[PDB]
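Here the structure comes first, spelled out in structure tokens, and everything after it is commentary.
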Amino acid sequence: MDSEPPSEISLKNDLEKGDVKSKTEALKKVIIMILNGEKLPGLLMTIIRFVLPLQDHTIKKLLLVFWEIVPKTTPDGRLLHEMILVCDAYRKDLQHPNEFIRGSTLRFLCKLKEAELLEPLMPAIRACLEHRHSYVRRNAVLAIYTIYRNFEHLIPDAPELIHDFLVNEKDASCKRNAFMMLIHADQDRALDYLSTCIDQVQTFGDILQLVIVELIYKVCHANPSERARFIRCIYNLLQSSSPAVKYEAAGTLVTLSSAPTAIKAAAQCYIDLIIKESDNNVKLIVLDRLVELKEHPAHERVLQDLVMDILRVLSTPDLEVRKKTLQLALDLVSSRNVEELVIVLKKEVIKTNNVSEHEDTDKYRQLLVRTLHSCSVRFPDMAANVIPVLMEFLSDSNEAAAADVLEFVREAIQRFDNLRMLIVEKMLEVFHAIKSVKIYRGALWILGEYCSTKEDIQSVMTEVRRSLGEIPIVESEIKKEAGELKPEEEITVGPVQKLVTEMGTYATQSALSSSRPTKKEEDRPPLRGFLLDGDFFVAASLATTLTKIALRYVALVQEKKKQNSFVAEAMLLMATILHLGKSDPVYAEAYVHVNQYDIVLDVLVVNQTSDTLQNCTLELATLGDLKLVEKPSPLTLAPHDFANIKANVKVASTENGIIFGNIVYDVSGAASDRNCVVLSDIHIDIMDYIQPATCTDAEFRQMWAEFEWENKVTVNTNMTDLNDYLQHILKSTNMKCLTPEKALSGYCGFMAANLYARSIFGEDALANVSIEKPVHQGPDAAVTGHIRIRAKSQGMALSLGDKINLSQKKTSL
Amino acid sequence: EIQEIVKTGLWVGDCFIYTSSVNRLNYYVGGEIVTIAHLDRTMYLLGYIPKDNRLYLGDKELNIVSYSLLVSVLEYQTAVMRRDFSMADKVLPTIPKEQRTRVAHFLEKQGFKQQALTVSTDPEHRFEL
Amino acid sequence: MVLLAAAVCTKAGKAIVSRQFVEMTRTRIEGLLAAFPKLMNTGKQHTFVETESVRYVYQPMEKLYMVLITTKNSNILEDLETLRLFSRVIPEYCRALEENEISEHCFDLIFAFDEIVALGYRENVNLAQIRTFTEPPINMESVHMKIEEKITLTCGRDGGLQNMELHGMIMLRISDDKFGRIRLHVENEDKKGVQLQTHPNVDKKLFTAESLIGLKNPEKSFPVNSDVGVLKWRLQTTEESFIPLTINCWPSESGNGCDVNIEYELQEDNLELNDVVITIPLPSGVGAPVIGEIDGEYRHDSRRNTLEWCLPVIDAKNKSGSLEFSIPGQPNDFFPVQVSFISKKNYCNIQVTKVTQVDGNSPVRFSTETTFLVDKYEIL
């Protein structure tokens, strides 16, 4: 009988039957239905009658079982007395020669904090005063303590009965087996006795002595219990810069992340921390101790650095461990992050050296070039390293492989003015075999800026200019680029001037030069030719032309703040980006009142009628996410009764199977068809059910992408900013205004709120409230705001859309 | 009696350089145990061959691995043990950063907070001294 | 309780059998077990996993979870160990875990749960245990003796001696040339309590009458710990010790308030004690006191719930006070009053009758001083 709540009639029958097995099974079936929480008092006389005196342990044990989980509730066969049918003949049970029945009886009897059993539990310590097992003596210290807990904090429970009444706790210390139920409030002499016992311990018993009294002067003295306290005590005597090298903490710690890569990744972190405490700049974070595994002697054999190499990773162990490991290389050794990121990047970025680090997918290659290159932009020393490695990247000599390479290096030159003169000659080489945009773009920029340095350019450019591949974006990049630097410093059959001619043709003009350009018609609609066409005031010469622009870098460009940079090593970053970091007539009148922060729905129940409505009961219901914190409890609604009855309200619950409308309120009365009527007290909305939750800009952005929010409305009374009406109203449809999606200035400055919720509707809810408050001569519609809304199938989107207008209720009875 | 157990050991002068069951190469000076270096794996001291300028270690292999003994550290610390704190300071220009702070801490443990203050690179160790 | 429940679960979405040690988790037991053990207790194949602010320890057996739950914890090893012992006991009853067979032996398992963990404290069980249930300068020569003693007393209002004991030692500081033999004569002592220690270089002499002790003193100061009683002993204050103070307490019921008069008596008037304080306790519903004393200062202190009288030095003296009390409850029994005091005598009654030194001319016993201090001195 797993859980069957109607079966009590059969149990009575089964409980006495003249067959002992049946009786045991019955009583067992009662236990299992109560434990789940089901019907049990009908049976009581039957249950109690067979078992009572006997020394036959199994039925007695079963009855003994049922007296610690419901004795108080059941009363057919027990009623209320001092020597109840729980203990009257269980004084026999306590005083049987078999330890088990006595012991069991003692154990339940003393366990209860019952006051209708207080006297019978007190000399119940007799059953276990003699200690036939470790179990008997432990059973005794726990039972005396449980007696002490049960209203006997004074002389009824404190001395000895004949050996224990609160003194097993003392005795246990010096006896062969220990266990101290003495944790609080008990004899001082036993506490003292436990200390002595630390030495003459029994190990289970030591965990009991130890919860009470901890800290040792020793190293130990033995056993897991003492050992477990000991690592706590050690952390005290050296708190300083974490544990560093984990103590006896290490054993539990592995299981704490049994799923399976995460342990190594964690372990790797600690091992890296431990090596050294470095400068602790941007991603140079290694704490713990400065010297404890050093770094870098030149006589150390086979050195520290061997373990450091693991941390430099491509994936060399698996991805979770990889992400931890790349950060960890950066963390022990660099200048900041820059130094070790360049080494690390050199390995990752595409080459002709190894083909286990090159790939023909263009974005990844490109990104890897940008990561290597960002290190230079960060720190100078890296510029010198980067440029020759970049030329190796080029040497791959696939159209695309060159292409990616050329694209970053060209950015680097914008930063690094006439420093990378050397690269230009390498960069031209792979520009001729071509099937893509990227190669043309980049090459034309290097060869263009670099012209003073070289003289090749008609020849290199011209094979490509009459070759094909994909050429949209090529136009833009060649347009600003081709002439640049020194007015007449090249010549192969086209000097720098031919280049300016070319540069202009490629931009949007027409001219025979480099055997004509591939295309002329520019990239995306805004860019066009014209700016540059106007430009080249002084023909490709460092002055105030293309050259200027080329040998200068747009805004601030420093660090790895992503200003001509990309922020570490490209593969590690994907993982970091991913991390969102999300945090019968009846009359009612009613108002909601709050006194001393108690929120209640006031209801007055009125019988305007002369007719009888007796049988009157009042209930507030649990609909779904609405709940009663206590229904109105008066038996009112009688002939010409006016009553004030208070129903307490909650807003947060779990969905019930009954209707999901406004608030259900139920009054009952006389009638047999409609004994229960549902009638209303004032408004509560569907919106309550939504649950508020919040987003950060990353979670908002991810969800924006994840599912559409095209749906918009413009809501009146969003004249005001985010903070005022809009927040308060948004709150009531369990929403909250978080992070921005705005871009403010002297022409821009709609207030933008990123909203989130996680509705109990199988959807989230998100929105952006844009408040069109004029920051221009031509506003949208002046003050008002357009709320762009969604939910996960946009079923709550709509709630956001209208619950940001207005919202107010009041009455004054 | 020395803290780190001696799995195997060797005498270089009256100083005992030994391996430990922690994989630590330590040296005994003064009745104090200092760690000269950390061994990454389990290693045994074959002997010290002046020719190679090395201590020859062997793993499980009947082959050679070599650790040169860090004499400058050892001499700084040995001098400290003898209570020749000044003498150990002469060694200090050839004790690097964190090692000067450590050797300083050795000097200090033996005694004389001030001489330890001059050698300690780290300002914090100076500040406390 | 530390251990809410010990529970066997089926991840059918219900607690198959379970134990509520004391009435708390009835129906509660089923909902917890039903939701959490289904997800592997929300685990990942980790024995400890915590969800909805309840620690769940578990082991999967088939579609079933054997579960231990706690929301508090005393030790790491312990939680596992009760679960573990449970896991020896459960296949004896049910042949692994399986909902129908678990169901049938509700009684068996449940009884083990009560036995194993009693009032949430993890007791121990075993399959056999389970069975019972279901069945040269000598010009300088000088000597000084300092007897330092502490006396302890417990006395009734009646003035019953109860128990007392004196603890002390006599230190000698001597500047004597040569090595002189010294004989010490002291009064004869008795002790209900016990303790006496003798310094080395102490000899015992047997005489027909009177007792004598002789010794060559170490130079400078040393504990004599002579023979006889010894010059390091615990003597009983009971045995002939004088209690410098006797306190006679007369509490009086003024009615609503209480009037307490405290009588202090000293030994001979000539002798004066110092650092004396009488601590007279007061009941919890204090109101405020008005106290009057001829000598010294007296002050009531709440918190302490005691009135403390301090007297720099006293020939002997007394104090009185009136107390105001709100009267909750009934009358309260009095707690004992304690006193601290210093006296320039020893109330172990050690007297140095004579210390004669030999090997030379008469030395000067420049001074013998006695410092007497109160130990735990309590009178009701």
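Order determines the names: the first chain of the structure tokens is A, the second B, and so forth; residues in each chain are numbered 1 upward, and ligands are numbered 1 upward as they are shown.
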| message | Taking the DSSP secondary structure from the backbone, can you list the residues of range 369-440 of chain A that are helix (DSSP H, G or I), as a PyMOL selection string? | response | chain A and resi 369-378+381-394+399-415+421-428+437-440
| task | With a distance cut-off of 9 Å and only C-alpha atoms, select the neighbouring residues of residue 38 in chain A, excluding the residue or stretch itself and same-chain residues fewer than 6 positions from it, and output the selection as a ChimeraX atom specification. | result | /A:3-6,30,32 /C:27
| field | Test item: chain A residues at most 6 Å from chain C, counting only C-alpha atoms, as a ChimeraX atom specification | value | /A:2,28,32,35-37,57-58,61,65,68-69,100
| message | Would you pick out the contacts of range 365-379 of chain C at 7 Å or less, using only C-alpha atoms, so that residues sharing its chain but fewer than 6 positions from it are not included, and give the list as a PyMOL selection string? | response | chain C and resi 142-157+247+336-347
Write out, as a CSV table (one decimal), in the first residue's frame, the residues just selected, with N, CA, C and O atoms.
chain,number,residue,atom,x,y,z
C,142,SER,N,70.5,38.2,57.7
C,142,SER,CA,69.1,38.6,58.0
C,142,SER,C,68.3,37.5,57.5
C,142,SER,O,68.7,36.7,56.6
C,143,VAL,N,67.0,37.5,58.0
C,143,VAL,CA,66.1,36.5,57.5
C,143,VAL,C,64.8,37.1,57.4
C,143,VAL,O,64.4,37.9,58.3
C,144,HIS,N,63.9,36.7,56.4
C,144,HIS,CA,62.6,37.2,56.3
C,144,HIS,C,61.7,36.1,56.0
C,144,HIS,O,62.1,35.1,55.3
C,145,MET,N,60.5,36.1,56.6
C,145,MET,CA,59.6,35.0,56.4
C,145,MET,C,58.3,35.6,55.9
C,145,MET,O,57.8,36.6,56.4
C,146,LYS,N,57.7,35.0,54.8
C,146,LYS,CA,56.5,35.6,54.3
C,146,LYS,C,55.5,34.5,54.2
C,146,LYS,O,55.7,33.5,53.6
C,147,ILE,N,54.3,34.6,55.0
C,147,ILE,CA,53.4,33.6,54.9
C,147,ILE,C,52.2,34.1,54.1
C,147,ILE,O,51.6,35.0,54.5
C,148,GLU,N,52.0,33.5,52.9
C,148,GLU,CA,50.9,33.9,52.1
C,148,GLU,C,49.8,32.9,52.1
C,148,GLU,O,50.1,31.7,51.8
C,149,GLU,N,48.6,33.3,52.4
C,149,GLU,CA,47.6,32.3,52.5
C,149,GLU,C,46.3,32.8,51.9
C,149,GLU,O,45.9,34.0,51.9
C,150,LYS,N,45.4,31.8,51.4
C,150,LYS,CA,44.1,32.1,50.9
C,150,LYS,C,43.2,31.3,51.6
C,150,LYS,O,43.4,30.1,51.9
C,151,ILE,N,42.0,31.8,52.1
C,151,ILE,CA,41.1,31.0,52.7
C,151,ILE,C,39.8,30.9,52.0
C,151,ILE,O,39.4,31.9,51.4
C,152,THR,N,39.2,29.7,52.0
C,152,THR,CA,37.9,29.5,51.3
C,152,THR,C,36.9,29.1,52.3
C,152,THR,O,37.2,28.5,53.3
C,153,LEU,N,35.6,29.6,52.1
C,153,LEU,CA,34.6,29.3,53.0
C,153,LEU,C,33.2,29.2,52.4
C,153,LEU,O,32.9,29.9,51.4
C,154,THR,N,32.4,28.2,52.8
C,154,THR,CA,31.0,28.1,52.5
C,154,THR,C,30.3,28.1,53.8
C,154,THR,O,30.6,27.3,54.7
C,155,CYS,N,29.3,29.0,54.0
C,155,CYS,CA,28.7,29.0,55.3
C,155,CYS,C,27.2,29.2,55.1
C,155,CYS,O,26.8,29.8,54.1
C,156,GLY,N,26.4,28.8,56.1
C,156,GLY,CA,24.9,29.0,56.0
C,156,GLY,C,24.6,30.3,56.6
C,156,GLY,O,25.5,30.9,57.2
C,157,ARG,N,23.3,30.7,56.6
C,157,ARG,CA,22.8,31.9,57.2
C,157,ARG,C,23.0,31.7,58.7
C,157,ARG,O,23.2,32.6,59.4
C,247,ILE,N,29.5,36.7,57.9
C,247,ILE,CA,28.5,37.6,57.5
C,247,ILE,C,27.2,37.1,58.1
C,247,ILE,O,26.9,35.9,58.0
C,336,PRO,N,23.9,33.2,47.5
C,336,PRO,CA,24.9,33.5,48.5
C,336,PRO,C,25.6,34.8,48.3
C,336,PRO,O,25.8,35.2,47.1
C,337,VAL,N,26.1,35.4,49.3
C,337,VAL,CA,26.9,36.6,49.2
C,337,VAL,C,28.3,36.2,49.3
C,337,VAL,O,28.7,35.2,50.0
C,338,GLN,N,29.2,36.9,48.6
C,338,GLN,CA,30.6,36.6,48.6
C,338,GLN,C,31.4,37.7,49.1
C,338,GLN,O,30.9,38.9,49.0
C,339,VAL,N,32.6,37.5,49.6
C,339,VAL,CA,33.4,38.6,50.0
C,339,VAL,C,34.8,38.4,49.6
C,339,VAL,O,35.3,37.3,49.4
C,340,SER,N,35.5,39.6,49.4
C,340,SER,CA,36.9,39.5,49.1
C,340,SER,C,37.6,40.3,50.3
C,340,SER,O,37.0,41.3,50.8
C,341,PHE,N,38.7,39.9,50.7
C,341,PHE,CA,39.4,40.6,51.8
C,341,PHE,C,40.8,40.3,51.9
C,341,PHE,O,41.3,39.3,51.3
C,342,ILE,N,41.6,41.2,52.6
C,342,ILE,CA,43.0,41.0,52.8
C,342,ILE,C,43.2,41.2,54.3
C,342,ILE,O,42.6,42.1,54.9
C,343,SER,N,44.0,40.3,54.9
C,343,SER,CA,44.2,40.5,56.3
C,343,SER,C,45.7,40.3,56.6
C,343,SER,O,46.4,39.5,55.9
C,344,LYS,N,46.2,41.0,57.6
C,344,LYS,CA,47.6,40.9,57.9
C,344,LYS,C,47.9,39.8,58.9
C,344,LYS,O,48.5,40.0,59.9
C,345,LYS,N,47.3,38.6,58.7
C,345,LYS,CA,47.5,37.5,59.6
C,345,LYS,C,47.2,36.3,58.7
C,345,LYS,O,46.8,36.4,57.6
C,346,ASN,N,47.5,35.1,59.2
C,346,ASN,CA,47.1,34.0,58.4
C,346,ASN,C,46.0,33.3,59.0
C,346,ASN,O,46.1,32.9,60.1
C,347,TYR,N,44.9,33.1,58.2
C,347,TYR,CA,44.0,32.4,59.0
C,347,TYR,C,44.0,30.9,58.8
C,347,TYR,O,43.0,30.3,58.8
Residues of chain B near chain A: apply a cut-off of 10 Å, count only C-alpha atoms, and supply the list as a PDB file with N, CA and C atoms, in the first residue's frame.
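Writing done, so here's result_15.pdb:
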ATOM      1  N   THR B  35      64.893  25.057   1.447  1.00  0.00           N
ATOM      2  CA  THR B  35      64.716  24.443   0.182  1.00  0.00           C
ATOM      3  C   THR B  35      65.490  25.218  -0.798  1.00  0.00           C
ATOM      4  N   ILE B  36      66.489  24.485  -1.373  1.00  0.00           N
ATOM      5  CA  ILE B  36      67.396  24.941  -2.358  1.00  0.00           C
ATOM      6  C   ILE B  36      66.572  24.985  -3.690  1.00  0.00           C
ATOM      7  N   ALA B  37      65.795  23.945  -3.955  1.00  0.00           N
ATOM      8  CA  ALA B  37      65.006  23.871  -5.147  1.00  0.00           C
ATOM      9  C   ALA B  37      64.029  22.836  -5.049  1.00  0.00           C
ATOM     10  N   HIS B  38      63.132  22.862  -5.988  1.00  0.00           N
ATOM     11  CA  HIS B  38      62.031  21.970  -6.088  1.00  0.00           C
ATOM     12  C   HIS B  38      62.357  21.193  -7.282  1.00  0.00           C
ATOM     13  N   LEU B  39      62.079  19.833  -7.069  1.00  0.00           N
ATOM     14  CA  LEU B  39      62.226  18.741  -7.944  1.00  0.00           C
ATOM     15  C   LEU B  39      60.756  18.613  -8.417  1.00  0.00           C
ATOM     16  N   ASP B  40      60.544  18.288  -9.761  1.00  0.00           N
ATOM     17  CA  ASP B  40      59.229  18.182 -10.289  1.00  0.00           C
ATOM     18  C   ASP B  40      58.646  16.766 -10.229  1.00  0.00           C
ATOM     19  N   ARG B  41      59.575  15.787 -10.135  1.00  0.00           N
ATOM     20  CA  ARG B  41      59.433  14.367 -10.259  1.00  0.00           C
ATOM     21  C   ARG B  41      60.366  13.814  -9.207  1.00  0.00           C
ATOM     22  N   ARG B  54      77.876  20.327 -12.021  1.00  0.00           N
ATOM     23  CA  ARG B  54      76.528  19.804 -11.779  1.00  0.00           C
ATOM     24  C   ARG B  54      76.516  18.705 -10.773  1.00  0.00           C
ATOM     25  N   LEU B  57      71.537  13.651 -11.278  1.00  0.00           N
ATOM     26  CA  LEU B  57      70.336  13.046 -10.802  1.00  0.00           C
ATOM     27  C   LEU B  57      70.022  12.086 -11.823  1.00  0.00           C
ATOM     28  N   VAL B  65      70.143  13.393 -15.662  1.00  0.00           N
ATOM     29  CA  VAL B  65      69.505  14.650 -15.558  1.00  0.00           C
ATOM     30  C   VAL B  65      70.472  15.455 -14.715  1.00  0.00           C
ATOM     31  N   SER B  66      70.554  16.806 -14.808  1.00  0.00           N
ATOM     32  CA  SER B  66      71.495  17.582 -14.052  1.00  0.00           C
ATOM     33  C   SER B  66      70.806  18.758 -13.425  1.00  0.00           C
ATOM     34  N   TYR B  67      71.191  19.107 -12.164  1.00  0.00           N
ATOM     35  CA  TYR B  67      70.784  20.294 -11.468  1.00  0.00           C
ATOM     36  C   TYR B  67      72.065  20.843 -11.019  1.00  0.00           C
ATOM     37  N   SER B  68      72.426  22.102 -11.298  1.00  0.00           N
ATOM     38  CA  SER B  68      73.507  22.761 -10.808  1.00  0.00           C
ATOM     39  C   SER B  68      73.079  23.180  -9.469  1.00  0.00           C
ATOM     40  N   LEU B  69      73.952  23.094  -8.440  1.00  0.00           N
ATOM     41  CA  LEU B  69      73.593  23.543  -7.123  1.00  0.00           C
ATOM     42  C   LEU B  69      73.618  25.091  -7.024  1.00  0.00           C
ATOM     43  N   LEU B  70      72.561  25.676  -6.398  1.00  0.00           N
ATOM     44  CA  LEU B  70      72.407  27.124  -6.309  1.00  0.00           C
ATOM     45  C   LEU B  70      73.243  27.586  -5.179  1.00  0.00           C
ATOM     46  N   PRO B  96      68.328  37.341  -6.485  1.00  0.00           N
ATOM     47  CA  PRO B  96      67.372  38.168  -7.186  1.00  0.00           C
ATOM     48  C   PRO B  96      66.222  38.510  -6.284  1.00  0.00           C
ATOM     49  N   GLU B  98      62.704  38.377  -5.284  1.00  0.00           N
ATOM     50  CA  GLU B  98      61.959  37.593  -4.282  1.00  0.00           C
ATOM     51  C   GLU B  98      62.859  36.754  -3.440  1.00  0.00           C
ATOM     52  N   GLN B  99      63.952  36.238  -4.042  1.00  0.00           N
ATOM     53  CA  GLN B  99      65.019  35.511  -3.331  1.00  0.00           C
ATOM     54  C   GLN B  99      65.713  36.381  -2.273  1.00  0.00           C
ATOM     55  N   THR B 101      64.319  38.859  -0.470  1.00  0.00           N
ATOM     56  CA  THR B 101      63.257  38.812   0.522  1.00  0.00           C
ATOM     57  C   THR B 101      63.200  37.567   1.295  1.00  0.00           C
ATOM     58  N   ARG B 102      63.346  36.387   0.596  1.00  0.00           N
ATOM     59  CA  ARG B 102      63.474  35.073   1.244  1.00  0.00           C
ATOM     60  C   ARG B 102      64.722  34.831   2.082  1.00  0.00           C
TER      61      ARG B 102
END
Within 6 Å of range 330-337 of chain A using only C-alpha atoms, minus same-chain residues under 5 positions, as a PDB file with N, CA, C and O atoms, in the first residue's frame:
ATOM      1  N   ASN A 281      48.165  42.760 -12.753  1.00  0.00           N
ATOM      2  CA  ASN A 281      47.544  43.659 -13.737  1.00  0.00           C
ATOM      3  C   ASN A 281      46.575  42.772 -14.472  1.00  0.00           C
ATOM      4  O   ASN A 281      46.197  41.728 -13.975  1.00  0.00           O
ATOM      5  N   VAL A 282      46.099  43.401 -15.591  1.00  0.00           N
ATOM      6  CA  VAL A 282      44.986  42.982 -16.332  1.00  0.00           C
ATOM      7  C   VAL A 282      45.301  41.598 -16.899  1.00  0.00           C
ATOM      8  O   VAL A 282      46.177  41.396 -17.738  1.00  0.00           O
ATOM      9  N   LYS A 283      44.605  40.606 -16.267  1.00  0.00           N
ATOM     10  CA  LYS A 283      44.766  39.234 -16.500  1.00  0.00           C
ATOM     11  C   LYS A 283      46.217  38.779 -16.150  1.00  0.00           C
ATOM     12  O   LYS A 283      46.784  37.922 -16.802  1.00  0.00           O
ATOM     13  N   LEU A 284      46.832  39.249 -15.101  1.00  0.00           N
ATOM     14  CA  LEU A 284      48.078  38.796 -14.565  1.00  0.00           C
ATOM     15  C   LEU A 284      47.800  38.279 -13.166  1.00  0.00           C
ATOM     16  O   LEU A 284      48.702  38.169 -12.292  1.00  0.00           O
ATOM     17  N   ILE A 285      46.482  38.037 -12.820  1.00  0.00           N
ATOM     18  CA  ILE A 285      45.956  37.679 -11.543  1.00  0.00           C
ATOM     19  C   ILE A 285      46.426  36.301 -11.206  1.00  0.00           C
ATOM     20  O   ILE A 285      45.717  35.375 -11.461  1.00  0.00           O
ATOM     21  N   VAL A 286      47.574  36.221 -10.461  1.00  0.00           N
ATOM     22  CA  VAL A 286      47.879  35.103  -9.673  1.00  0.00           C
ATOM     23  C   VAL A 286      48.133  35.746  -8.266  1.00  0.00           C
ATOM     24  O   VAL A 286      48.859  36.756  -8.124  1.00  0.00           O
TER      25      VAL A 286
END
| message | Could you pull out the strand (DSSP E or B) residues of range 30-122 of chain B, going by DSSP on the backbone, and write them as a ChimeraX atom specification? | response | /B:30,32-38,44-49,54-58,65-67
Selection from above, N, CA and C atoms, as a PDB file, in the first residue's frame, can you write it?
ATOM      1  N   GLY B  30      72.747  24.324   9.838  1.00  0.00           N
ATOM      2  CA  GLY B  30      72.462  24.894  11.158  1.00  0.00           C
ATOM      3  C   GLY B  30      71.554  24.154  11.993  1.00  0.00           C
ATOM      4  N   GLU B  32      68.687  23.692  10.443  1.00  0.00           N
ATOM      5  CA  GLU B  32      67.544  24.307   9.827  1.00  0.00           C
ATOM      6  C   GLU B  32      67.513  23.775   8.497  1.00  0.00           C
ATOM      7  N   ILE B  33      66.309  23.648   7.933  1.00  0.00           N
ATOM      8  CA  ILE B  33      66.146  22.968   6.646  1.00  0.00           C
ATOM      9  C   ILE B  33      65.648  24.112   5.808  1.00  0.00           C
ATOM     10  N   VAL B  34      66.296  24.307   4.607  1.00  0.00           N
ATOM     11  CA  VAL B  34      66.017  25.345   3.712  1.00  0.00           C
ATOM     12  C   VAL B  34      65.726  24.566   2.460  1.00  0.00           C
ATOM     13  N   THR B  35      64.893  25.057   1.447  1.00  0.00           N
ATOM     14  CA  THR B  35      64.716  24.443   0.182  1.00  0.00           C
ATOM     15  C   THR B  35      65.490  25.218  -0.798  1.00  0.00           C
ATOM     16  N   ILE B  36      66.489  24.485  -1.373  1.00  0.00           N
ATOM     17  CA  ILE B  36      67.396  24.941  -2.358  1.00  0.00           C
ATOM     18  C   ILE B  36      66.572  24.985  -3.690  1.00  0.00           C
ATOM     19  N   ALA B  37      65.795  23.945  -3.955  1.00  0.00           N
ATOM     20  CA  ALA B  37      65.006  23.871  -5.147  1.00  0.00           C
ATOM     21  C   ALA B  37      64.029  22.836  -5.049  1.00  0.00           C
ATOM     22  N   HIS B  38      63.132  22.862  -5.988  1.00  0.00           N
ATOM     23  CA  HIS B  38      62.031  21.970  -6.088  1.00  0.00           C
ATOM     24  C   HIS B  38      62.357  21.193  -7.282  1.00  0.00           C
ATOM     25  N   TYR B  44      66.984  11.134  -7.661  1.00  0.00           N
ATOM     26  CA  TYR B  44      67.961  10.591  -6.742  1.00  0.00           C
ATOM     27  C   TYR B  44      69.225  11.169  -7.065  1.00  0.00           C
ATOM     28  N   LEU B  45      70.134  11.414  -6.046  1.00  0.00           N
ATOM     29  CA  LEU B  45      71.391  12.143  -6.230  1.00  0.00           C
ATOM     30  C   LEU B  45      72.468  11.124  -6.535  1.00  0.00           C
ATOM     31  N   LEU B  46      72.963  11.080  -7.790  1.00  0.00           N
ATOM     32  CA  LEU B  46      73.975  10.190  -8.226  1.00  0.00           C
ATOM     33  C   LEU B  46      75.292  10.601  -7.596  1.00  0.00           C
ATOM     34  N   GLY B  47      75.586  11.884  -7.696  1.00  0.00           N
ATOM     35  CA  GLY B  47      76.772  12.435  -7.121  1.00  0.00           C
ATOM     36  C   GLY B  47      76.953  13.753  -7.715  1.00  0.00           C
ATOM     37  N   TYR B  48      78.028  14.468  -7.243  1.00  0.00           N
ATOM     38  CA  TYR B  48      78.247  15.829  -7.662  1.00  0.00           C
ATOM     39  C   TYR B  48      79.572  15.669  -8.365  1.00  0.00           C
ATOM     40  N   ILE B  49      79.602  15.876  -9.678  1.00  0.00           N
ATOM     41  CA  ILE B  49      80.724  15.838 -10.546  1.00  0.00           C
ATOM     42  C   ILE B  49      81.118  17.221 -10.840  1.00  0.00           C
ATOM     43  N   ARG B  54      77.876  20.327 -12.021  1.00  0.00           N
ATOM     44  CA  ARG B  54      76.528  19.804 -11.779  1.00  0.00           C
ATOM     45  C   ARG B  54      76.516  18.705 -10.773  1.00  0.00           C
ATOM     46  N   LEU B  55      75.262  18.471 -10.284  1.00  0.00           N
ATOM     47  CA  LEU B  55      74.858  17.440  -9.412  1.00  0.00           C
ATOM     48  C   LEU B  55      74.168  16.628 -10.506  1.00  0.00           C
ATOM     49  N   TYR B  56      74.359  15.280 -10.433  1.00  0.00           N
ATOM     50  CA  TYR B  56      73.841  14.430 -11.480  1.00  0.00           C
ATOM     51  C   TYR B  56      72.757  13.709 -10.728  1.00  0.00           C
ATOM     52  N   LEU B  57      71.537  13.651 -11.278  1.00  0.00           N
ATOM     53  CA  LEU B  57      70.336  13.046 -10.802  1.00  0.00           C
ATOM     54  C   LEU B  57      70.022  12.086 -11.823  1.00  0.00           C
ATOM     55  N   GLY B  58      69.214  11.152 -11.294  1.00  0.00           N
ATOM     56  CA  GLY B  58      68.677  10.081 -12.241  1.00  0.00           C
ATOM     57  C   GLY B  58      67.229   9.838 -11.767  1.00  0.00           C
ATOM     58  N   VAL B  65      70.143  13.393 -15.662  1.00  0.00           N
ATOM     59  CA  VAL B  65      69.505  14.650 -15.558  1.00  0.00           C
ATOM     60  C   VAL B  65      70.472  15.455 -14.715  1.00  0.00           C
ATOM     61  N   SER B  66      70.554  16.806 -14.808  1.00  0.00           N
ATOM     62  CA  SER B  66      71.495  17.582 -14.052  1.00  0.00           C
ATOM     63  C   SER B  66      70.806  18.758 -13.425  1.00  0.00           C
ATOM     64  N   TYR B  67      71.191  19.107 -12.164  1.00  0.00           N
ATOM     65  CA  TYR B  67      70.784  20.294 -11.468  1.00  0.00           C
ATOM     66  C   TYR B  67      72.065  20.843 -11.019  1.00  0.00           C
TER      67      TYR B  67
END
| So which residues touch range 94-96 of chain A within 8 Å, counting only C-alpha atoms, skipping near sequence neighbours fewer than 2 positions away, as a PyMOL selection string? | chain A and resi 55+90-92+98-99+101-103+105-106+124+126-127
